[PDB]
There are 2 protein chains.
Amino acid sequence: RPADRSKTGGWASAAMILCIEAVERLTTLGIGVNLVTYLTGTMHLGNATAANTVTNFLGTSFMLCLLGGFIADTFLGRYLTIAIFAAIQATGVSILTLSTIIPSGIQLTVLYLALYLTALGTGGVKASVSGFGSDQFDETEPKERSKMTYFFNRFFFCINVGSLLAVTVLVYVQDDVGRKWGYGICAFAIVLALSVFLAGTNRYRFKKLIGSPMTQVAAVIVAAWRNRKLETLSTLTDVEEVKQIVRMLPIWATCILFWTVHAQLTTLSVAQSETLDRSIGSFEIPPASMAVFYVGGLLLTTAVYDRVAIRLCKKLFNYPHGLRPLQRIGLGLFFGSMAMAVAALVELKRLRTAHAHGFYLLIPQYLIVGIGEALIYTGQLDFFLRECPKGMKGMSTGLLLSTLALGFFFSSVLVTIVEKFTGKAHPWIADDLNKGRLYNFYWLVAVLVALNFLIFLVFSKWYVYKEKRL
Amino acid sequence: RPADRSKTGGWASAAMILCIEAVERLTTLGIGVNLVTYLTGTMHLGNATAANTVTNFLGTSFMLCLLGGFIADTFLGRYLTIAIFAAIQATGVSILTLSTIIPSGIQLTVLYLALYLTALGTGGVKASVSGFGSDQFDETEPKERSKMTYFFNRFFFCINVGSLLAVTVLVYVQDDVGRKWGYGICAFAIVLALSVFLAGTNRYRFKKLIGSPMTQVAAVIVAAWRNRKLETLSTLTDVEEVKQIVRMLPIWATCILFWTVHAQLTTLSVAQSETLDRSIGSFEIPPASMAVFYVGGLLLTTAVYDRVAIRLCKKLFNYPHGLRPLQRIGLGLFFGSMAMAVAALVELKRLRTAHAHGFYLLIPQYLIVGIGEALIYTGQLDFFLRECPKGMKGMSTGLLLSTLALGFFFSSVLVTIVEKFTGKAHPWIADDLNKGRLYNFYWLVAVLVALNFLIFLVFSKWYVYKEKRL
């Protein structure tokens, strides 16, 4: 409740608060990755619309985080949003466990509820836990500057370990050990982390946060039709501030498509996994445990790049960031189409052995995505961070969240459109890959993103001209 | 965050806050009444070892309630007490549910925590939910007073339904269905209410509060030792009022021996239940489920009195209630030893029969405790409300909780005393009570309560002669 006391508002906060961060982030992977294998095997839904289902939860998961961020900053507290939404997911992620214990009519209503309740909690929690660990920070930071970025960096390459573990350990517990423990532990994980965080309310110092920027971006959007009827600095320097974001839009819209190549990764590649050359010597590998190559492919890249960035910046005379304003964004797109087409070539390189009459076959597509991801993500971030003012910086992260969600919603559209393409005989979005076609769909995304790549470079020459001529 | 809002601070306060009170209430009985049965044949403890582990829990469950009430009245609010101590209990009971599904040296280590975690949680929740949901009260009260008092009697005889069902179905879900669901439903029940509570942190209005007597009493004790070496209005008003709290004390001290008798019904009388004439036709009744006769006893003795109050107030010229101040306690203390006399007499009629070669036999004792309770409570409560200056009105519901907690401990002291002096060839409370002499343990209680109630009568004369002169 009162004014700062350095003998209370300290690491105690950094500890308990960020417990939920690992707890939530690891649950989103744990649940997310393998939800496909449940909706298929356990839930009986058709492969085409068993994937479709998942994207929309993921799509929500982010659109909710975008929607919930505003609620956080503008309404009743960035603290309370953690408390309200950790309690929302704990309820949602426990109905999922009870959903794996009680008994597709009523069974779906409960499932889609439990999922879009976990899509709700995650959206609110993720939007604040990160910014509440931050609320510790100081003016010129006396010792805080070193105390902060030592723990936070010791916390980041700590959740990387856990993120590998959610794909590795938790998928084994879901596929082999039964989804009762699989989802059940996630339920326990969040209830524990809720008391831990709420035990800390005391050792915390709540900071006065300003809810923006959209707050003004919408009054700009309302004055659209009062001006239609008409058809000092709020227009002199603020409308010319909103008209600067609409410029990110072409480049921003282009990104969405990478997140669909990243979506197809968890959906069908996991369903392709539940067939391909299974037995690993003595034991067996879980189908969904394939995403390890993407998590690895993600890790390794930024582990190498943030050691070789100097070697890029020295050979080619450049600014602090070793050729990544949007350069790294184009590179990701290049790999975006690579992974899809490789996955399409391999798709039939498995079929040309199934019809006429595996573990390594699905390794490229995942590995190519991870590399393409670490390149497109640290590109996207360090784009409108550097290409927007400080009262709009990190209100630029709002463009990242809409980018993601849109790509997952678009995969559902992409799969749904192809369902409305071929009805009779065998379509290219089947229930059985050993019977029906699928490589065709993997080529469609490989082309839709190859088209996008040429579409991107057109906007590349146009946006560089917007910051230099004007 | 700013001020009074009749169009905002509303009935969700009533709706969404009190459910935790309701959940906790069904969670304390549902676990409290059983537990002994779980520690008998599931955890495998001795009849005198398991029933003693219960009295410490339930005592500490109020010793905390006394403390949590002080936390709400002085530290980081009445909303935060609910927010912290519900999640704690939801952590605690989920550990207890996980205690009944995972694999005694390290099994009790996990079970005792999950217990005393439900105790710390339960305590803080009880001592702040009721006091926060009632936040609807207004100065002169504009149409509020009506909705206010009605909602609570649409809640108090709502939680009276479910408390009766907690002895009925929840016990049957444990004793028959399995302690997995038993504590499992108990756990989900609290994780749902905690989500609902925090969510409606809008249609809630919080008030600024301070809460004694505890503060001033200790501050008076501070002066007693700092002025020990010596052996203005605070000396004339603050102490002359503190002296008034030293007055309930002998009455308070006597009531302690009622909760010792009460505790036996929840613990030791559940061992006299399980071993006696089980089945009722085609379907059997759970051993713990005998408390329906106690719960029914209370609920009836209450409803019967709440009609035959005016009938005996008009016969014997009384003021607002039918000889309800300290005359009220007396009956409960006599009925306290009465059930200890009756149950002992029926014990030998259960034992002397078994050596010579049941469900009806335990109905008397449960009712006698229930009857005496609704009398001792409307005595203890309707005492210090009218028997202490209004600055400490209801700031003596502690002088209620302290009588309970100690009453539970005094029984834990009683069982440990009898075991050391009478053990181990022919013990009173042993591993097998048929191969032991139980009946005489009651004569220690029955006569103790007969002697304790005797000193109560010896005090009642010296009270309305030494306190009435003020």
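No value in this document is a laboratory result; all are computed from the given coordinates. Cβ: placed from backbone, ideal geometry, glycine included. Neighbour counts: every protein chain shown.
Observations
- Residues satisfying the stated conditions in the stretch B:321-374, i.e. within 21 Å of residue B:296 (Cβ to Cβ) and among the charged types (D, E, K, R): B:328, B:373
- Residue within the stretch A:37-58 that is away from chain B (no Cβ under 14 Å), closer than 17 Å to residue A:397 by Cβ and touching a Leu at 6+ places or on another chain (Cβ under 8 Å) present: no
- Qualifying residue in the stretch A:11-18 (condition: within 14 Å of another protein chain (Cβ to nearest Cβ) and under 28 Å from residue A:139 (Cα atoms)): yes
- Screening residue A:125 with (1) away from chain B (no Cβ under 12 Å); (2) over 16 Å from residue A:189 (Cβ atoms) gives one miss only, at (2).
- Helices (runs of 4 or more DSSP H) completely within the stretch B:162-236 that count 3 or more residues being on the phi < 0 side of the Ramachandran plot and either within 14 Å of chain A (Cβ to nearest Cβ) or surrounded by 14 or more Cβ atoms within 10 Å (Cβ to Cβ) (or both): B:179-199, B:214-226
- Any pair with Cβ under 6 angstrom, 6 or more apart, that starts in the stretch B:150-174 at a residue that is more than 26 Å from residue B:11 (Cα to Cα) and ends at one that is of a type in the set (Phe, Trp, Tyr): B:173/B:181
- Among the residues making up the stretch B:297-320, a single one is among the small types (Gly, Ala, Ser) and closer than 19 Å to residue B:263 by Cβ: B:297.
- Hits in the stretch A:91-116 (condition: of a type outside the set (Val, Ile, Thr), farther than 19 Å from residue A:174 by Cβ and either buried (at least 24 other Cβ atoms within 10 Å of the Cβ) or within 14 Å of chain B (Cβ to nearest Cβ) (or both)): A:113
- Unique match (being surrounded by fewer than 21 Cβ atoms within 10 Å (Cβ to Cβ) and in contact with a helix residue (DSSP H, G or I) (Cβ under 7 Å, 6 or more places away or on another chain)) among B:418, B:445, B:413: B:418
- Qualifying residues in the stretch A:351-390 (those that are of a type in the set (D, E, K, R) and crowded, with 19+ Cβ neighbours inside 10 Å) - the one nearest to the chain's Cα centre (by Cα): A:373
- Some residue of the stretch B:412-422 being over 30 Å from residue B:248 (Cα atoms) and either touching a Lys or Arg at 6+ places or on another chain (Cβ under 9 Å) or aliphatic (A, V, I, L, M) (or both): yes
- Residues (outside any helix (DSSP H, G or I) and within 11 Å of residue A:378 (Cα to Cα)) located in the stretch A:301-322: A:321
- Scanning the stretch B:69-83 for residues that are over 12 Å from residue B:20 (Cα atoms) and facing another protein chain (nearest Cβ under 9 Å) yields B:75, B:76, B:77, B:80.
- In the stretch A:92-143, the residues that are among the charged types (D, E, K, R) and over 20 Å from residue A:4 (Cα atoms): A:126
- Check on residue A:359, within 23 Å of residue A:384 (Cβ to Cβ) and among the aromatic types (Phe, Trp, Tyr): no
- Selection within the stretch A:266-288 - over 16 Å from residue A:369 (Cβ atoms), part of a helix (DSSP H, G or I) and not hydrophobic (A, V, I, L, M, F, W, C): A:287
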